[PDB]
$ cat coords_21.txt   # compact mmCIF, C-alpha atoms
# COMPACT_ATOMS: atom_id res chain seq x y z
CA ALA D 2 137.85 64.70 132.09
CA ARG D 3 137.42 61.59 129.94
CA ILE D 4 140.50 60.72 127.89
CA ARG D 5 140.59 58.67 124.66
CA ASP D 6 143.75 57.64 122.80
CA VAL D 7 143.40 57.18 119.05
CA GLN D 8 145.75 57.49 116.07
CA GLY D 9 145.33 59.77 113.10
CA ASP D 10 145.57 63.21 111.68
CA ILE D 11 144.53 65.98 113.99
CA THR D 12 143.41 68.09 111.07
CA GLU D 13 140.69 65.50 110.24
CA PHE D 14 139.30 65.76 113.75
CA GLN D 15 135.62 66.69 113.82
CA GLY D 16 134.89 67.64 117.43
CA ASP D 17 134.74 71.10 119.07
CA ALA D 18 138.31 72.40 118.96
CA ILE D 19 141.93 71.27 118.77
CA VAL D 20 144.88 72.15 120.97
CA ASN D 21 148.04 73.20 119.18
CA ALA D 22 151.19 73.46 121.27
CA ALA D 23 152.51 76.83 120.27
CA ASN D 24 155.17 79.45 120.78
CA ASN D 25 153.79 82.49 122.60
CA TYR D 26 154.10 84.77 119.58
CA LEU D 27 151.50 82.59 117.88
CA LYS D 28 153.52 82.54 114.67
CA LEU D 29 152.64 79.14 113.36
CA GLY D 30 155.57 76.87 112.59
CA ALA D 31 156.28 73.72 110.58
CA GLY D 32 155.11 70.16 111.23
CA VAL D 33 151.55 69.68 112.53
CA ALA D 34 151.33 73.43 113.05
CA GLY D 35 151.87 74.29 109.39
CA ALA D 36 149.51 71.46 108.44
CA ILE D 37 146.94 73.36 110.48
CA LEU D 38 148.06 76.64 108.90
CA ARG D 39 147.40 74.93 105.59
CA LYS D 40 144.25 72.87 105.89
CA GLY D 41 142.73 75.45 108.19
CA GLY D 42 143.58 78.54 106.15
CA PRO D 43 145.26 81.94 106.37
CA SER D 44 142.33 83.12 108.54
CA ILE D 45 144.02 81.43 111.47
CA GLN D 46 147.50 83.03 111.38
CA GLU D 47 146.04 86.51 110.97
CA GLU D 48 143.99 85.96 114.09
CA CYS D 49 147.05 84.73 115.91
CA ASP D 50 148.75 87.97 114.83
CA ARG D 51 145.72 90.08 115.91
CA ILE D 52 145.93 88.69 119.43
CA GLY D 53 149.70 89.24 119.21
CA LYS D 54 152.26 88.03 121.77
CA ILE D 55 150.91 86.19 124.85
CA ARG D 56 152.61 84.83 127.96
CA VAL D 57 154.23 81.46 128.07
CA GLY D 58 151.87 79.02 129.80
CA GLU D 59 148.87 80.96 128.60
CA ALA D 60 146.53 80.06 125.78
CA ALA D 61 144.54 81.84 123.09
CA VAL D 62 141.57 81.04 120.97
CA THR D 63 141.06 81.37 117.24
CA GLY D 64 138.47 80.04 114.83
CA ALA D 65 139.51 77.01 112.82
CA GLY D 66 138.81 78.39 109.34
CA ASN D 67 138.28 75.31 107.15
CA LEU D 68 138.95 72.73 109.85
CA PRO D 69 136.25 70.29 110.88
CA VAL D 70 136.11 71.92 114.33
CA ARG D 71 134.96 75.28 115.64
CA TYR D 72 138.07 76.68 117.33
CA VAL D 73 141.81 76.09 117.54
CA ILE D 74 143.31 76.49 121.00
CA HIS D 75 146.89 77.76 121.04
CA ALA D 76 148.72 76.64 124.19
CA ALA D 77 151.96 78.51 124.73
CA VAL D 78 154.78 76.25 125.76
CA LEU D 79 157.81 78.34 124.87
CA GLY D 80 159.19 81.40 123.15
CA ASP D 81 160.28 84.06 125.66
CA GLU D 82 161.39 81.10 127.74
CA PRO D 83 162.48 77.53 127.12
CA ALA D 84 159.77 74.88 127.55
CA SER D 85 159.85 73.73 131.17
CA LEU D 86 157.53 70.95 132.31
CA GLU D 87 156.01 73.52 134.59
CA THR D 88 155.49 75.39 131.37
CA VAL D 89 153.59 72.38 130.03
CA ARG D 90 151.45 71.86 133.11
CA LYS D 91 150.56 75.56 132.75
CA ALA D 92 150.00 75.60 128.97
CA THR D 93 147.79 72.51 129.23
CA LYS D 94 145.86 73.97 132.20
CA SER D 95 145.33 77.25 130.35
CA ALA D 96 144.23 75.10 127.43
CA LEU D 97 141.64 73.09 129.37
CA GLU D 98 140.52 76.33 131.06
CA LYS D 99 139.66 77.99 127.75
CA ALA D 100 137.66 74.92 126.76
CA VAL D 101 135.50 75.34 129.81
CA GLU D 102 135.14 79.10 129.17
CA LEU D 103 133.64 78.27 125.75
CA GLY D 104 131.75 75.36 127.21
CA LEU D 105 133.20 72.79 124.87
CA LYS D 106 132.47 69.06 124.87
CA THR D 107 135.15 67.52 122.67
CA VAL D 108 138.72 68.63 122.23
CA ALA D 109 141.80 67.02 120.85
CA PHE D 110 145.51 67.48 121.54
CA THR D 111 148.31 66.24 119.23
CA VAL D 112 150.41 63.66 121.02
CA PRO D 113 154.02 64.87 121.05
CA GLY D 114 153.60 68.02 118.96
CA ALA D 115 155.53 71.13 119.95
CA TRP D 116 155.00 69.52 123.39
CA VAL D 117 158.44 67.87 122.85
CA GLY D 118 160.50 70.59 121.17
CA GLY D 119 163.46 69.45 123.25
CA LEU D 120 161.89 67.77 126.24
CA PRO D 121 161.60 64.23 127.59
CA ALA D 122 158.70 62.67 125.61
CA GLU D 123 157.45 60.29 128.34
CA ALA D 124 157.80 63.05 130.98
CA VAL D 125 155.41 65.47 129.21
CA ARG D 126 152.50 63.07 128.52
CA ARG D 127 152.88 62.18 132.20
CA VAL D 128 152.28 65.80 133.24
CA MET D 129 149.86 66.49 130.40
CA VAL D 130 147.42 63.70 131.22
CA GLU D 131 147.75 64.74 134.85
CA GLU D 132 146.05 68.05 134.08
CA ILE D 133 143.46 66.47 131.80
CA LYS D 134 142.02 64.22 134.54
CA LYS D 135 141.33 67.43 136.48
CA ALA D 136 139.04 68.73 133.71
CA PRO D 137 135.22 68.50 134.05
CA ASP D 138 133.62 65.39 132.54
CA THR D 139 131.55 67.51 130.19
CA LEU D 140 134.88 67.50 128.33
CA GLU D 141 136.02 64.56 126.31
CA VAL D 142 139.70 64.76 125.59
CA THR D 143 141.12 62.89 122.61
CA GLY D 144 144.81 62.11 122.11
CA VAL D 145 145.47 62.03 118.36
CA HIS D 146 148.64 59.95 118.14
CA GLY D 147 150.90 59.94 115.11
CA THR D 148 151.84 56.27 115.45
CA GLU D 149 149.51 53.51 116.64
CA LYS D 150 152.39 52.34 118.82
CA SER D 151 152.23 55.76 120.49
CA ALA D 152 148.53 55.20 121.30
CA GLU D 153 149.49 52.23 123.48
CA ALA D 154 151.99 54.56 125.16
CA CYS D 155 149.08 56.61 126.42
CA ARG D 156 147.02 53.57 127.46
CA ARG D 157 149.55 51.88 129.69
CA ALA D 158 150.56 55.20 131.33
CA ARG D 159 146.98 55.23 132.60
CA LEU D 160 146.70 51.43 132.99
CA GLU D 161 148.65 51.57 136.26

$ encode --input "coords_21.txt" --output "structure tokens"
Amino acid sequence: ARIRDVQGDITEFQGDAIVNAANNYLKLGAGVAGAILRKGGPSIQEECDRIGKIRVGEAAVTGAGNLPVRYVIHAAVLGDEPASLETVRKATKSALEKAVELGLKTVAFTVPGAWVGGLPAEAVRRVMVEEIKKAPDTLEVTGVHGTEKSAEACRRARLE
């Protein structure tokens, strides 16, 4: 699918849904997660608890509450197991899959989120983007980078 690399705060993103790297119990942690748990609302975490435990490498969908998007997509990268890079290729693929199921047109991932959590940073984005390019072009993927330096780190990795 199309991939754009900007910088900003993924909770100000206005498209269709956002993709939160998550632990497969869907208990929302600190960092960007908690920011989502905050700006989005309690309505999210309850939904994550309704769904309950899911497999690593799977993904689940919840509404976004008070976020400027429709859904939040929870891609499970660890929990019952440590985060492999196979686990990331799977979590990402499950993530993109669920977009297509809902017939979405704009989603956003957070560049190094829980996608690191003890993993080689450059190695992930490598295998993440790899899956994204396989997604249908009805989908426009945005990489919300924390640092504007980081945004160049997702432009040159595709500039080769």

$ atom_distance --input "coords_21.txt" --atom1 "CA of residue 69 (chain D)" --atom2 "CA of residue 19 (chain D)"
9.8 Å

$ closest_residue --input "coords_21.txt" --among "D:18, D:31, D:143, D:10" --to "residue 100 (chain D)" --atoms "all atoms listed in the file"
D:18

$ atom_distance --input "coords_21.txt" --atom1 "CA of residue 138 (chain D)" --atom2 "CA of residue 41 (chain D)"
27.9 Å

$ residues_around --input "coords_21.txt" --residues "region 147-159 of chain D" --least-positions-apart "4" --cutoff "10 Å" --atoms "all atoms listed in the file" --output "number ranges by chain"
D: 4-11, 111-114, 123, 126-127, 130-131

$ closest_residue --input "coords_21.txt" --among "D:85, D:146, D:137, D:107" --to "residue 124 (chain D)" --atoms "all atoms listed in the file"
D:85
